[PDB]
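Coordinates as given in query.pdb (PDB, C-alpha atoms (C1' of nucleotides) and all ligand atoms):
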```pdb
ATOM      1  CA  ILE Z   1      31.217 253.106  12.493  1.00  0.00           C
ATOM      2  CA  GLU Z   2      34.304 252.722  14.663  1.00  0.00           C
ATOM      3  CA  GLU Z   3      32.765 249.630  16.258  1.00  0.00           C
ATOM      4  CA  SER Z   4      32.023 248.235  12.790  1.00  0.00           C
ATOM      5  CA  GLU Z   5      35.560 249.083  11.674  1.00  0.00           C
ATOM      6  CA  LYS Z   6      36.824 247.143  14.692  1.00  0.00           C
ATOM      7  CA  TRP Z   7      34.565 244.309  13.525  1.00  0.00           C
ATOM      8  CA  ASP Z   8      35.938 244.863  10.011  1.00  0.00           C
ATOM      9  CA  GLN Z   9      39.415 244.248  11.425  1.00  0.00           C
ATOM     10  CA  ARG Z  10      38.046 241.162  13.192  1.00  0.00           C
ATOM     11  CA  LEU Z  11      36.420 239.660  10.090  1.00  0.00           C
ATOM     12  CA  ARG Z  12      39.383 240.528   7.863  1.00  0.00           C
ATOM     13  CA  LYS Z  13      41.791 238.635  10.113  1.00  0.00           C
ATOM     14  CA  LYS Z  14      39.273 235.891  10.931  1.00  0.00           C
ATOM     15  CA  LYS Z  15      39.072 234.974   7.250  1.00  0.00           C
ATOM     16  CA  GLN Z  16      42.867 235.404   7.032  1.00  0.00           C
ATOM     17  CA  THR Z  17      43.613 233.201  10.066  1.00  0.00           C
ATOM     18  CA  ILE Z  18      41.507 230.318   8.702  1.00  0.00           C
ATOM     19  CA  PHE Z  19      49.630 223.956   8.122  1.00  0.00           C
ATOM     20  CA  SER Z  20      50.834 224.771   4.604  1.00  0.00           C
ATOM     21  CA  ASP Z  21      54.673 225.047   4.726  1.00  0.00           C
ATOM     22  CA  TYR Z  22      57.412 225.825   7.210  1.00  0.00           C
ATOM     23  CA  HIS Z  23      58.295 229.135   5.546  1.00  0.00           C
ATOM     24  CA  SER Z  24      54.843 230.626   6.162  1.00  0.00           C
ATOM     25  CA  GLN Z  25      54.482 228.865   9.515  1.00  0.00           C
ATOM     26  CA  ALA Z  26      57.582 230.745  10.678  1.00  0.00           C
ATOM     27  CA  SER Z  27      56.010 234.169  10.146  1.00  0.00           C
ATOM     28  CA  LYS Z  28      52.631 233.042  11.478  1.00  0.00           C
ATOM     29  CA  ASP Z  29      54.135 231.703  14.698  1.00  0.00           C
ATOM     30  CA  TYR Z  30      56.331 234.784  15.071  1.00  0.00           C
ATOM     31  CA  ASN Z  31      53.570 237.359  14.821  1.00  0.00           C
ATOM     32  CA  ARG Z  32      51.229 235.178  16.880  1.00  0.00           C
ATOM     33  CA  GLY Z  33      53.856 235.303  19.618  1.00  0.00           C
ATOM     34  CA  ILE Z  34      54.217 239.053  19.076  1.00  0.00           C
ATOM     35  CA  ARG Z  35      50.484 239.444  19.690  1.00  0.00           C
ATOM     36  CA  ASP Z  36      51.180 238.257  23.251  1.00  0.00           C
ATOM     37  CA  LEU Z  37      53.947 240.829  23.805  1.00  0.00           C
ATOM     38  CA  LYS Z  38      53.550 243.764  26.218  1.00  0.00           C
ATOM     39  CA  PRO Z  39      56.355 246.270  25.487  1.00  0.00           C
ATOM     40  CA  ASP Z  40      57.106 249.892  26.421  1.00  0.00           C
ATOM     41  CA  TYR Z  41      57.925 250.006  30.139  1.00  0.00           C
ATOM     42  CA  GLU Z  42      59.707 252.766  32.075  1.00  0.00           C
ATOM     43  CA  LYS Z  43      63.201 251.645  31.031  1.00  0.00           C
ATOM     44  CA  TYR Z  44      63.139 252.579  27.348  1.00  0.00           C
ATOM     45  CA  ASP Z  45      62.003 256.205  27.608  1.00  0.00           C
ATOM     46  CA  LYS Z  46      64.480 256.965  30.405  1.00  0.00           C
ATOM     47  CA  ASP Z  47      67.243 255.352  28.355  1.00  0.00           C
ATOM     48  CA  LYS Z  48      66.241 257.460  25.347  1.00  0.00           C
ATOM     49  CA  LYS Z  49      66.101 260.747  27.263  1.00  0.00           C
ATOM     50  CA  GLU Z  50      68.959 260.635  29.790  1.00  0.00           C
ATOM     51  CA  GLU Z  51      72.295 260.071  28.034  1.00  0.00           C
ATOM     52  CA  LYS Z  52      71.127 261.982  24.940  1.00  0.00           C
ATOM     53  CA  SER Z  53      71.485 265.308  26.771  1.00  0.00           C
ATOM     54  CA  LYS Z  54      75.252 264.668  27.047  1.00  0.00           C
ATOM     55  CA  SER Z  55      75.624 263.033  23.603  1.00  0.00           C
ATOM     56  CA  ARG Z  56      78.983 264.588  22.739  1.00  0.00           C
ATOM     57  CA  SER Z  57      79.625 262.089  19.938  1.00  0.00           C
ATOM     58  CA  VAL Z  58      77.743 259.205  18.285  1.00  0.00           C
ATOM     59  CA  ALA Z  59      74.040 258.526  18.827  1.00  0.00           C
ATOM     60  CA  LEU Z  60      72.431 256.067  21.220  1.00  0.00           C
ATOM     61  CA  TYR Z  61      70.572 254.636  18.209  1.00  0.00           C
ATOM     62  CA  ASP Z  62      73.742 254.665  16.082  1.00  0.00           C
ATOM     63  CA  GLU Z  63      74.916 251.118  15.360  1.00  0.00           C
ATOM     64  CA  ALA Z  64      77.476 251.643  12.585  1.00  0.00           C
ATOM     65  CA  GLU Z  65      80.454 251.250  14.940  1.00  0.00           C
ATOM     66  CA  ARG Z  66      78.877 250.923  18.361  1.00  0.00           C
ATOM     67  CA  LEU Z  67      80.567 248.631  20.867  1.00  0.00           C
ATOM     68  CA  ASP Z  68      78.309 248.452  23.940  1.00  0.00           C
ATOM     69  CA  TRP Z  69      75.699 246.340  22.124  1.00  0.00           C
ATOM     70  CA  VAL Z  70      78.023 243.374  22.665  1.00  0.00           C
ATOM     71  CA  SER Z  71      77.761 243.687  26.451  1.00  0.00           C
ATOM     72  CA  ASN Z  72      74.009 244.295  26.855  1.00  0.00           C
ATOM     73  CA  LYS Z  73      73.244 242.244  29.959  1.00  0.00           C
ATOM     74  CA  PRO Z  74      69.495 242.345  30.718  1.00  0.00           C
ATOM     75  CA  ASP Z  75      67.789 242.605  34.103  1.00  0.00           C
ATOM     76  CA  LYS Z  76      66.030 239.879  36.080  1.00  0.00           C
ATOM     77  CA  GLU Z  77      62.496 240.783  34.990  1.00  0.00           C
ATOM     78  CA  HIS Z  78      63.098 240.436  31.253  1.00  0.00           C
ATOM     79  CA  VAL Z  79      64.720 237.015  31.448  1.00  0.00           C
ATOM     80  CA  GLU Z  80      62.050 235.922  33.943  1.00  0.00           C
ATOM     81  CA  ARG Z  81      59.270 236.866  31.521  1.00  0.00           C
ATOM     82  CA  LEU Z  82      61.221 235.069  28.773  1.00  0.00           C
ATOM     83  CA  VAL Z  83      61.313 231.811  30.710  1.00  0.00           C
ATOM     84  CA  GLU Z  84      57.646 232.196  31.633  1.00  0.00           C
ATOM     85  CA  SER Z  85      56.626 232.908  28.032  1.00  0.00           C
ATOM     86  CA  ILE Z  86      58.547 229.928  26.682  1.00  0.00           C
ATOM     87  CA  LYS Z  87      57.025 227.734  29.409  1.00  0.00           C
ATOM     88  CA  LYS Z  88      53.522 228.940  28.507  1.00  0.00           C
ATOM     89  CA  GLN Z  89      54.166 228.227  24.833  1.00  0.00           C
ATOM     90  CA  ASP Z  90      55.365 224.726  25.740  1.00  0.00           C
ATOM     91  CA  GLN Z  91      52.213 224.222  27.826  1.00  0.00           C
ATOM     92  CA  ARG Z  92      50.099 225.342  24.871  1.00  0.00           C
ATOM     93  CA  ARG Z  93      51.914 222.888  22.601  1.00  0.00           C
ATOM     94  CA  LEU Z  94      51.455 219.975  25.008  1.00  0.00           C
ATOM     95  CA  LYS Z  95      47.762 220.713  25.553  1.00  0.00           C
ATOM     96  CA  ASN Z  96      47.208 221.149  21.800  1.00  0.00           C
ATOM     97  CA  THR Z  97      49.010 217.981  20.705  1.00  0.00           C
ATOM     98  CA  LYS Z  98      46.764 215.504  22.543  1.00  0.00           C
TER      99      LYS Z  98
ATOM    100  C1'   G N   1     154.056 195.415  29.615  1.00  0.00           C
ATOM    101  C1'   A N   2     156.443 195.014  23.564  1.00  0.00           C
ATOM    102  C1'   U N   3     159.220 198.228  20.237  1.00  0.00           C
ATOM    103  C1'   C N   4     162.801 201.370  19.342  1.00  0.00           C
ATOM    104  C1'   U N   5     165.305 205.713  21.619  1.00  0.00           C
ATOM    105  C1'   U N   6     169.575 207.422  24.335  1.00  0.00           C
ATOM    106  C1'   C N   7     168.500 207.086  29.507  1.00  0.00           C
ATOM    107  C1'   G N   8     165.214 213.727  28.043  1.00  0.00           C
ATOM    108  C1'   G N   9     161.545 210.075  25.740  1.00  0.00           C
ATOM    109  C1'   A N  10     158.829 208.239  21.604  1.00  0.00           C
ATOM    110  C1'   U N  11     155.722 204.951  19.888  1.00  0.00           C
ATOM    111  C1'   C N  12     151.057 200.398  20.439  1.00  0.00           C
ATOM    112  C1'   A N  13     146.101 199.835  22.627  1.00  0.00           C
ATOM    113  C1'   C N  14     141.704 204.164  25.340  1.00  0.00           C
ATOM    114  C1'   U N  15     135.459 204.149  29.021  1.00  0.00           C
ATOM    115  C1'   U N  16     131.521 197.496  29.203  1.00  0.00           C
ATOM    116  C1'   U N  17     126.699 196.748  31.314  1.00  0.00           C
ATOM    117  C1'   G N  18     119.459 195.064  25.361  1.00  0.00           C
ATOM    118  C1'   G N  19     117.100 196.443  30.810  1.00  0.00           C
ATOM    119  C1'   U N  20     107.744 192.932  31.294  1.00  0.00           C
ATOM    120  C1'   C N  21     112.317 195.919  34.787  1.00  0.00           C
ATOM    121  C1'   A N  22     115.981 192.606  42.102  1.00  0.00           C
ATOM    122  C1'   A N  23     115.399 185.157  44.727  1.00  0.00           C
ATOM    123  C1'   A N  24     107.445 183.143  41.966  1.00  0.00           C
ATOM    124  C1'   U N  25     101.267 185.377  47.640  1.00  0.00           C
ATOM    125  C1'   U N  26     100.057 191.897  46.465  1.00  0.00           C
ATOM    126  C1'   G N  27     101.164 194.773  38.496  1.00  0.00           C
ATOM    127  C1'   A N  28     102.395 188.794  30.858  1.00  0.00           C
ATOM    128  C1'   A N  29      95.447 185.859  30.016  1.00  0.00           C
ATOM    129  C1'   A N  30      90.975 183.665  30.778  1.00  0.00           C
ATOM    130  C1'   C N  31      88.361 180.865  33.579  1.00  0.00           C
ATOM    131  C1'   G N  32      86.540 175.481  36.481  1.00  0.00           C
ATOM    132  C1'   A N  33      82.188 174.140  38.804  1.00  0.00           C
ATOM    133  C1'   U N  34      77.723 174.207  41.015  1.00  0.00           C
ATOM    134  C1'   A N  35      72.447 176.598  41.102  1.00  0.00           C
ATOM    135  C1'   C N  36      68.655 179.374  37.513  1.00  0.00           C
ATOM    136  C1'   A N  37      66.809 179.716  31.943  1.00  0.00           C
ATOM    137  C1'   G N  38      68.067 176.475  28.567  1.00  0.00           C
ATOM    138  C1'   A N  39      68.316 176.894  20.533  1.00  0.00           C
ATOM    139  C1'   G N  40      66.103 182.794  14.477  1.00  0.00           C
ATOM    140  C1'   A N  41      61.188 183.943  10.153  1.00  0.00           C
ATOM    141  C1'   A N  42      53.599 186.125  13.091  1.00  0.00           C
ATOM    142  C1'   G N  43      50.624 177.194  14.245  1.00  0.00           C
ATOM    143  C1'   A N  44      54.898 173.124  13.826  1.00  0.00           C
ATOM    144  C1'   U N  45      59.340 171.597  12.255  1.00  0.00           C
ATOM    145  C1'   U N  46      62.862 173.857  10.482  1.00  0.00           C
ATOM    146  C1'   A N  47      67.690 175.898   4.602  1.00  0.00           C
ATOM    147  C1'   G N  48      70.264 179.867   4.688  1.00  0.00           C
ATOM    148  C1'   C N  49      72.559 185.380   2.636  1.00  0.00           C
ATOM    149  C1'   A N  50      72.782 189.882   4.266  1.00  0.00           C
ATOM    150  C1'   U N  51      72.233 195.175   6.989  1.00  0.00           C
ATOM    151  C1'   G N  52      74.873 198.335  12.115  1.00  0.00           C
ATOM    152  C1'   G N  53      79.528 198.488  15.079  1.00  0.00           C
ATOM    153  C1'   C N  54      83.783 200.889  21.671  1.00  0.00           C
ATOM    154  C1'   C N  55      81.135 192.479  20.342  1.00  0.00           C
ATOM    155  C1'   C N  56      84.269 189.163  19.046  1.00  0.00           C
ATOM    156  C1'   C N  57      86.428 183.810  18.336  1.00  0.00           C
ATOM    157  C1'   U N  58      88.953 179.927  14.606  1.00  0.00           C
ATOM    158  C1'   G N  59      91.749 180.938  10.332  1.00  0.00           C
ATOM    159  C1'   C N  60      97.784 182.326   6.236  1.00  0.00           C
ATOM    160  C1'   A N  61      93.680 184.545   4.188  1.00  0.00           C
ATOM    161  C1'   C N  62      90.128 190.337   0.780  1.00  0.00           C
ATOM    162  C1'   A N  63      87.865 181.835   1.139  1.00  0.00           C
ATOM    163  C1'   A N  64      84.910 180.060   4.710  1.00  0.00           C
ATOM    164  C1'   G N  65      83.147 178.903   9.484  1.00  0.00           C
ATOM    165  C1'   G N  66      81.528 179.723  14.766  1.00  0.00           C
ATOM    166  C1'   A N  67      72.992 178.921  16.387  1.00  0.00           C
ATOM    167  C1'   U N  68      71.560 182.399   9.467  1.00  0.00           C
ATOM    168  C1'   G N  69      78.386 183.443  15.171  1.00  0.00           C
ATOM    169  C1'   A N  70      76.108 186.845  18.951  1.00  0.00           C
ATOM    170  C1'   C N  71      73.591 191.588  20.150  1.00  0.00           C
ATOM    171  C1'   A N  72      70.317 195.002  17.702  1.00  0.00           C
ATOM    172  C1'   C N  73      65.650 195.762  13.876  1.00  0.00           C
ATOM    173  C1'   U N  74      60.009 201.301  16.891  1.00  0.00           C
ATOM    174  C1'   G N  75      57.036 204.594  16.975  1.00  0.00           C
ATOM    175  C1'   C N  76      57.393 209.611  17.705  1.00  0.00           C
ATOM    176  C1'   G N  77      54.551 216.117  18.223  1.00  0.00           C
ATOM    177  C1'   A N  78      59.040 223.087  13.801  1.00  0.00           C
ATOM    178  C1'   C N  79      50.340 221.153  15.823  1.00  0.00           C
ATOM    179  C1'   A N  80      48.497 225.967  14.054  1.00  0.00           C
ATOM    180  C1'   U N  81      44.646 225.862  17.109  1.00  0.00           C
ATOM    181  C1'   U N  82      39.973 227.838  15.884  1.00  0.00           C
ATOM    182  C1'   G N  83      34.879 226.011  15.309  1.00  0.00           C
ATOM    183  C1'   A N  84      31.487 227.001  18.915  1.00  0.00           C
ATOM    184  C1'   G N  85      28.683 227.112  23.560  1.00  0.00           C
ATOM    185  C1'   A N  86      28.249 227.513  29.022  1.00  0.00           C
ATOM    186  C1'   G N  87      28.925 229.030  33.959  1.00  0.00           C
ATOM    187  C1'   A N  88      32.604 232.925  35.599  1.00  0.00           C
ATOM    188  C1'   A N  89      35.239 236.920  35.259  1.00  0.00           C
ATOM    189  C1'   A N  90      36.305 242.150  33.972  1.00  0.00           C
ATOM    190  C1'   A N  91      34.239 243.705  28.439  1.00  0.00           C
ATOM    191  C1'   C N  92      31.262 243.918  23.799  1.00  0.00           C
TER     192        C N  92
HETATM  193  K     K T 101      69.759 177.940  10.808  1.00  0.00           K
HETATM  194 MG    MG T 102      78.615 183.309   8.516  1.00  0.00          MG
HETATM  195 MG    MG T 103      74.891 187.142  11.149  1.00  0.00          MG
END
```

In structure tokens, how does this file's structure come out?
Amino acid sequence: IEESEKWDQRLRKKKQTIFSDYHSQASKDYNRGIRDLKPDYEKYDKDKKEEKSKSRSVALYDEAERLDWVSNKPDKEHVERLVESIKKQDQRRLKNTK
RNA sequence: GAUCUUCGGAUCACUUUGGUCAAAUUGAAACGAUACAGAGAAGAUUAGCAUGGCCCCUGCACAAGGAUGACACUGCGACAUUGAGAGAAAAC
């Protein structure tokens, strides 16, 4: 059944994936791009577990009056994958248009 | 110096310099000519009025003229891709 349920997910989206307006196109493009995302590397879990042991005050997930979220400077790999993803999307657009 | 005053002094008047810049090749403009093309509307000849502004010229002009003054008048991708097949690859 599990294989059929996987096919049920396929057919449900296949009839749901088959231009109307910009408002709906926004969400469709966004989650289509999300489908190509590969999250959850070794950075996030270490960040969650390490400074929480010495969390004297405020939480790492607290954002009511946090200040360090202004100065989040990412690493090389993340911005590299960003440029590569945007380049791939541009390639897809230019191969689709003509 | 003039006036008094009494030979102590008092009156009267009191600070310039119009500077596109020191006697003209090298800090007031704008070009002649020769050589090239060489006069708007989808055949041909040709009326014009406009639109745009780091383009102006003549004019006292918010008239009007200067070739309808001249130049300009186009053109592209917030396209989602799936619709499918095939050989591969890694995968139903
Ligand atoms: K004419
Ligand atoms: Mg005129
Ligand atoms: Mg004109």

So what does the PyMOL selection byres ((chain Z) within 9 of (chain N)) actually pick up in this one, as number ranges by chain?
Z: 17-19, 22, 25-26, 28-29, 93-94, 96-98

If the limit is 8 Å from any atom of ligand MG 102 (chain T), counting all atoms listed in the file, which residues qualify? Return them as a list in words.
residues 65, 66, 68 and 69 of chain N

Determine the residue set returned by the PyMOL selection byres (((not hetatm)) within 10 of (chain T and resi 103)) for the present structure, and present it as number ranges by chain.
N: 49-51, 67-70

Put the listed atoms of range 9-28 of chain Z in a box along x, y and z with 4 Å added on every side and give me the centre and edge lengths in Å to one decimal, as AutoDock Vina command-line options.
```
--center_x 47.4 --center_y 234.1 --center_z 8.9 --size_x 29.9 --size_y 28.3 --size_z 16.6
```

When the cut-off is 10 Å and you count only C-alpha atoms (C1' of nucleotides) and all ligand atoms, which residues lie near ligand K 101 (chain T), shown as number ranges by chain?
N: 39-40, 46-48, 67-68

Can you pull out every residue within 12 Å of range 78-88 of chain Z, counting only C-alpha atoms (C1' of nucleotides), but drop anything in the same chain fewer than 5 positions away, and send it as a list in words?
residues 33, 34, 36, 37, 38, 39, 41, 43, 73, 93, 94 and 95 of chain Z

Measure the distance from CA of residue 58 in chain Z to CA of residue 45 in chain Z in Å and round it to one decimal.
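Here the two named atoms are 18.5 Å from each other.
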